[PDB]
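**Q** Have a look at this one.
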Amino acid sequence: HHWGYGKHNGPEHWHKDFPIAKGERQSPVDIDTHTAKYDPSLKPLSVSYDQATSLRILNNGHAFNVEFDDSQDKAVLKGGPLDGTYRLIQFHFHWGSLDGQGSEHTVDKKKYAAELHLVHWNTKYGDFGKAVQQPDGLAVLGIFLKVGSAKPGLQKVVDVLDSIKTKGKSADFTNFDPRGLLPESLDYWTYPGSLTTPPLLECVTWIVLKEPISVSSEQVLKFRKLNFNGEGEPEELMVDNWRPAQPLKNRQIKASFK
Ligand SMILES: CN(C)c1ccc(S(=O)(=O)N[N+](=O)[O-])cc1
Ligand SMILES: CN(C)c1ccc(S(=O)(=O)N[N+](=O)[O-])cc1
Ligand SMILES: [Zn+2]
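Rendered as structure tokens:
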């Protein structure tokens with residue numbers, strides 16, 4: 003009886019196995035754009051993805067992860083609210099059963115069709132498993148998806164999904180350039196939070212871009228053909244794999260932009 007996104011194992015149940023679900027710095031949150039304050043002492047983000055080395059794509063039964071070689075500073079996030087160097091390890095998405103839901107963060111209560119998470123770990128902690136035990140261990144760059152024009156840089160991901168339909172399937176996924184998933188502007192909101200899936204560790208500096216990317220209805224429809232189940236088991240479409248907004252508690256959301 004493991005955690006998931008059903009009625010009987012979804013977000014409202016996670017606190018039983020993971021009591022930090024009710025903690026002081028949980029994610030996602032609603033971003034109230036009129037309450038977020040411009041912080042002129044933030045810097046610009048530095049997203050350095052030119053030497054990124056993608057390796058594999060995995061259906062883990064909750065989402066799919068595009069995994070990177072993180073054994074050197076090949077693809078790193080720095081600047082903005084961050085001190086030091088954060089190495090890209092994987093990205094994944096959260097998405098809905100229909101276009102009006104799917105994002106984890108919300109903006110003035112607006113839900114986007116999906117949300118991309120580029121996960122990075124603080125190299127001062129040496130490995131990812133050590134980093135998740137630290138309050139400044141991870142930096143997640145979150146990017147909203149809206150349905151409209153196709154995103155050309157997403158299509159290589161879309162087309163490999165047929166090969167990883169079910170939980171536990173992987174495929175080689177080399178030479179994928181995550182720069183093709185970025186919007187034009189790097190304006191962002193930032194706040195201290197958590198993983199949005201169990202174990203819900205409070206180790207993340209969230210950096211949520213203001214500008215969504217556009218993907219086509221056909222692209223998101225292909226996400227919705229994935230399965231939560233394993234091969235040879237009854238089909239459960241991988242949709243609505245998002246955690247709703249959590250209480251902001253004693254946090255401030257800061258804006259990089261006026
Ligand atoms: C040789 N064939 C049949 C083949 C090759 C690649 C693809 S793909 O769309 O890049 N990947 N995929 O499906 O998972 C599909 C079919
Ligand atoms: C420790 N790793 C596995 C990890 C960290 C953070 C995330 S997330 O971007 O907060 N989304 N999510 O939790 O579902 C995902 C994975
Ligand atoms: Zn995520």
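Residue numbering for the sequence shown is 3 to 125, 127 to 261, as defined by the entry's author numbering. Even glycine gets a Cβ: it sits at the ideal position worked out from N, Cα and C.
Going by DSSP, what residue range makes up the beta strand (DSSP E) through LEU60?
**A** Taken as a continuous stretch (DSSP letters only), the beta strand (DSSP E) holding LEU60 covers 56 to 61.
**Q** In chain order, what residues have a CB nearer than 6 Å to some heavy atom of ligand 3?
**A** Taking each Cβ in turn, the ones that pass are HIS94, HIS96, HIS119, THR199.
**Q** What span of residues does the beta strand (DSSP E) with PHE66 cover, start to end?
**A** Start and end: 66 to 70.
**Q** Is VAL68 near ligand 2, judged by its Cβ being under 6 Å from some heavy atom?
**A** Checking every heavy atom of ligand 2 against the Cβ of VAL68, none is found closer than 6 Å.
**Q** Looking at ligand 1, does it come within less than 6 Å of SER166, judged from the CB to the closest heavy atom?
**A** Yes; taking the cut-off as 6 Å, the Cβ of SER166 has a heavy atom of ligand 1 nearer than that.
**Q** Within 6 Å: the Cβ of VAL143 and any heavy atom of ligand 2?
**A** True, at least one ligand heavy atom lies under 6 Å from that Cβ.
**Q** Leaving out five residues before and five after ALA23 in sequence, what residues of the same chain have Cβ atoms less than 6 Å from its Cβ?
**A** Excluding sequence neighbours, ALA23 sits near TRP16, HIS17, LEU203.
**Q** For a test of the three-state rule: what should DSSP assign to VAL135, helix, strand or coil?
**A** It is coil, neither helix nor strand.
**Q** Return the residue from the list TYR88, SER73, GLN74 that minimises the CA-CA distance to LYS80.
**A** Comparing Cα positions, the closest option is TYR88.
**Q** Report the option in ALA258, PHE260, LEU251 whose CA atom is closest to the CA atom of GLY25.
**A** Looking at the Cα atoms, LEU251 is the closest of the given residues.
**Q** Is DSSP giving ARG27 helix, strand or coil here?
**A** Residue state, collapsed to three classes: coil.
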